Amino acid sequence: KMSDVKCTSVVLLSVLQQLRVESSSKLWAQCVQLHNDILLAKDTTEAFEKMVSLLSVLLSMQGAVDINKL
Amino acid sequence: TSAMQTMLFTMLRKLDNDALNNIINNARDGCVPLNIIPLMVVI
Amino acid sequence: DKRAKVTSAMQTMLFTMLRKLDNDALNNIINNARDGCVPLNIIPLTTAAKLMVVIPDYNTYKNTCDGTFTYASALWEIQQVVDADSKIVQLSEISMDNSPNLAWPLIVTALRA
Amino acid sequence: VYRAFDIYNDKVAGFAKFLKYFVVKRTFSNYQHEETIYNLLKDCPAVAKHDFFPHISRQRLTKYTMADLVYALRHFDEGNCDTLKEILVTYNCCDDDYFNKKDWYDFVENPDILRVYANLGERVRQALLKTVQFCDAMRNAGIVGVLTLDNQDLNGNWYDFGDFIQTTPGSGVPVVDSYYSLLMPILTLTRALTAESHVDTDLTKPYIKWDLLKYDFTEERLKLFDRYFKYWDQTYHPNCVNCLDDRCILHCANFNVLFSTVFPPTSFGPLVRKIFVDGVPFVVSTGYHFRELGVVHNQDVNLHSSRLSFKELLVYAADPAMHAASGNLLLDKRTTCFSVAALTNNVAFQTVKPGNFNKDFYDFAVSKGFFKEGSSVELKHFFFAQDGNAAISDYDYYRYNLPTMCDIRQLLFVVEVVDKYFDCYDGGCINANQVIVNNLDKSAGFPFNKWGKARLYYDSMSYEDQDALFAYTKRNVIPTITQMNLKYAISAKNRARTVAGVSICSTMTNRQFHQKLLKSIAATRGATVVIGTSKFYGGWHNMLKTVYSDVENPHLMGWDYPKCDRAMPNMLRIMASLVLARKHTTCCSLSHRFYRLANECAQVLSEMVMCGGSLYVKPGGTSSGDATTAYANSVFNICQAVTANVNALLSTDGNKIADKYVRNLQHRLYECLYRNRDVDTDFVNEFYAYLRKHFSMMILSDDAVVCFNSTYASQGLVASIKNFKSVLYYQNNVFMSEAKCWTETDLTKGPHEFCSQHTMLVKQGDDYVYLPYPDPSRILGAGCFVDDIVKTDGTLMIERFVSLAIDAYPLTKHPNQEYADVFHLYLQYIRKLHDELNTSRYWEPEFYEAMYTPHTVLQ
């Protein structure tokens, strides 16, 4: 389970950028660093923990895409 | 543009990891965090 | 056609640059040369009336833009600090403890005094 | 023990290591001769004390001479470089434990070594002064002889007066070609002329408060020349306008590069004047002060004009004078590069988005058995996103471009050999109605990209306007601006990728200058430079059998250029531009060619670059947005290879070369490098033919494969990879690691990697041919991720996938089954995509096979 978490991180940062997270320089820098560290991950649990960290900044943010309906 | 998040969550459920599924199950009913998870939860 | 458009655009840009340059400092610098011919890198250096300091970290804010600062053998006073997101960061906000809370880098805009 | 010697006699010639405080030595006649010559040169303060008692005992000298230092710095090898370390330690330039750090010798990693080497500079310049003093004695005592670096110790003193002869007083002449020429590359390395920045040339006093308005410094340049290079027997022009030939231009620029590192950097760049256009004072450039070419004053300077023409409008818009003067002052603390002016009220930030993951092809691939944990072919190529402070972190990389001075006698012959390498293409100045325009949608640089693309300006300027602008450029200097931007590209590394948009006023004339030459190099097959030769229809096989042509004991070799586009010195780029312009012997006078060289040096070498939202100064390097960078890089590559071959043929002991033709070639090479200033076309052709015979190169832009006679390179008669390492270390200020340099002994296994591709021999059509195949993981990456442009039309996605399958076809012959699985997967996917929408149907395997056979040689 390595390519799947990598494409998941790709689409996750795609969504994050789509939600204008790039308007917060610090938060966007954090997201970019986590994405680039996932795309160079050569192990699965580190990729998974960086992935849940990167998903945090998506589901901690409110006014974003809803989650109770999905 | 709303289908991007739907397919993202499809891929996320395809991953089926304990941490990710736990976080999504929590955030389902509002129990979300506030800051980035370190390597501030409410309700 | 579009040649006329680009001529008008170049003229307008040249004029918006032209009507913000001439002053006593520019002539006082140019008329002290051999035949009125100075380098280019010194017209914005000792003639300009506003400086923009791009401070990436708090240390380069201490040693450069302390609460007046002298640059280009002149006198400026730090003012109108602005972070990466273009938010007016009051000089009180820029401290040692509260530095990670504001999005670096800062942009200080100082008038010539 | 081994010591570096510069030797030239009837039996040997070269600069090589041969086996031999208060040095003691041993002929009666030679004893009396040296005694008399010393007695006549006794009072000079540059001579070391000599004791004639039978022996000739010299006193108070160092352990290593300046020859050992020049060798250690010009033949560097991190494995065996203990002499350089001992020199650095002994003279308090660093400590011993400094060499326990990793990559200390590297310039990119750990640039603090530029602070250790610099701690020799003063010492170096001291010796220089001693040199002049010494020669004065020999000009006042009537002494004729040649100055060898192995006679001056590291404290500056001299000895060993055996070669000299007694002559008439006041007329003795020293010859200092080899001495100064071998010292030249290490003058800038150690920053020898730093103490000239201080008031009375003392490193314990403040810098000269140079008048800000001062720009010429010509008198100070001549003073420095006469001070350190007094006995250099060649007319030196401080402004390279006065030269007589491009060799004079190179010769004088090589000195101006060294002399420009003592003046304030605010005095270089364009020189500006206040002219009156229809009554209003504009500020426009009426000159330029190049660090390399001195001061150039434009000839057509028109004041009190009534109205402007479109060409004049382009020269004024591209004129940074109106932009840098009428902007705000900028102190940019993010980089150490010289910052000129912020043209906006707030610094802009630029970001890069992630890749657009195509999920369809990925699920297809996983259904076709791919992406298993434990598979040999992976997904390794992604679109990396970049944050705001990325572009500037890219621009700061130009801190790897340093001022580099070259061995002028070596370069003046390497340039002849390189021109021989290009002596088969056509060239010359073409008109405006003959230029062939590629990518009419390229960026037109700042401030031209505010109103349209290059297409816009090409369709607005009539042919007469382009001709008038070319003529203008042939008499005046136009210091245009470029605009740097971040690039959306696939890579296996997360580094920022940038493209530089050069203004239209520069490319429009660089094309009229170099178009015929570039087209002639692109339309020729079988030369050393392979640019515009498609790998399709046997092209790869033909190129390989051309490199294989007649080498006797063939081996294969390759190398990389670390930080090539950033650290290429300005001297070598000027050399490359002159080699390219050498075709203009019937379309341009000498002044025309110098004004073209100055235009190019201002536009693509040390121009002003608008990064972020402001204007900074570019210290050097190549601009990827220029049409002529791919060929200037090939010229630079050929120069480096010929230089490595020269330093391999010279630095080998000519007394162990069991051949006679090779030993005579080395002797004549020394005679033609540091003697016989006039070029010897016969020996130039001889060396060119020798290289073609025993060292056959295949070179595209900063990429090279070499088939070399292994038995010669085993003895040193031909350049090896350590020679390229040494040459890149002392000429390019970059370290080349042998972890990225490959050598191949079997010619059935072709070049391990050339142009980012691999080679293997396959049996095809009852004939064994060399086929190129790419890294499969890269093609999988390019297939799974797109750049968010094909999502609106399926035709472009189908075309990208067909191109990937074309590129992927040869893996069907690879022995690894999973590799042919890649092409079969691509073919299945493209058949699907075609179902969604005989040798011309892109949905059958015989459309791709025919792309790789010379029996179907169409496009």
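By Swiss-Prot numbering, chain D shows 4423-4442, 4461-4466, 4468-4494, 4504-5287, 5303-5324, in order.
According to its header, the structure was obtained by electron microscopy, 2.9 Å.
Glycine residues also receive a Cβ, built from the backbone N, Cα and C atoms like all the rest.
Swiss-Prot annotates D:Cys4693, D:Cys4698, D:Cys4702 as Zn(2+) 9-binding residues; of D:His4687, D:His4739, the candidate listed for that same site is D:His4687. Per Swiss-Prot, Zn(2+) 10 is bound by D:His5034, D:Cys5037, D:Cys5038; the candidate from D:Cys4874, D:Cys4879, D:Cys5191, D:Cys5205 named for the same site is D:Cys4879.
Looking at D:4584-4622, D:4974-5012, the range tied to region 'RdRp Palm N-ter' in Swiss-Prot is D:4974-5012. For the region 'RdRp Palm N-ter' (D:4974-5012), the residues of the chain that approach it from at least six positions outside its boundaries are 4558, 4871-4872, 4874-4875, 5080-5081, 5084, 5087-5088, 5143-5144, 5146-5152, 5154-5163, 5171, 5174, 5178, 5182, 5184-5187, 5190-5195, 5197, 5200-5204, 5207, 5209, 5219-5222, 5316-5319, 5321-5322, judged by C-beta separation under 8 angstroms. Within the chain, the repeat 'LRR 7' (D:4591-4616) has long-range Cβ neighbours (under 8 A, six or more residues past its boundaries) at 4425-4428, 4463, 4471, 4474-4475, 4477-4479, 4481-4482, 4487-4489, 4491, 4508, 4510-4512, 4514-4520, 4537, 4541, 4573, 4576-4577, 4579-4581, 4584-4585, 4622-4629, 4632-4633. With a 10 A radius on its CB, D:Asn4601 (Mn(2+) binding site) counts 20 other CB atoms from all the protein chains. In the deposited model, 15 residues between D:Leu5287 and D:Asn5303 are missing, and the Cα-Cα distance across the gap is 19 Å. Its Cβ taken as reference, D:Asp4610 (Mn(2+) binding site) is surrounded by 18 other Cβ atoms within 10 Å in the chains shown. Sorting the region 'RdRp Palm C-ter' (D:5072-5207) by DSSP state (H, G, I as helix; E, B as strand; all else coil) yields 67 helix, 15 strand, 54 coil. One thing to note is that 18 residues go unmodelled from D:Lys4442 to D:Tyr4461, and the Cα atoms at each side are 16 Å apart.
Reduced to three states, the DSSP call for D:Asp4610 (Mn(2+) binding site) is coil. Across the unmodelled segment of 9 residues, the C-alpha atoms of D:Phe4494 and D:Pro4504 are separated by 5 Å.
Broken down by DSSP into helix, strand and coil, the repeat 'LRR 7' (D:4591-4616) contains 3 helix, 8 strand, 15 coil.
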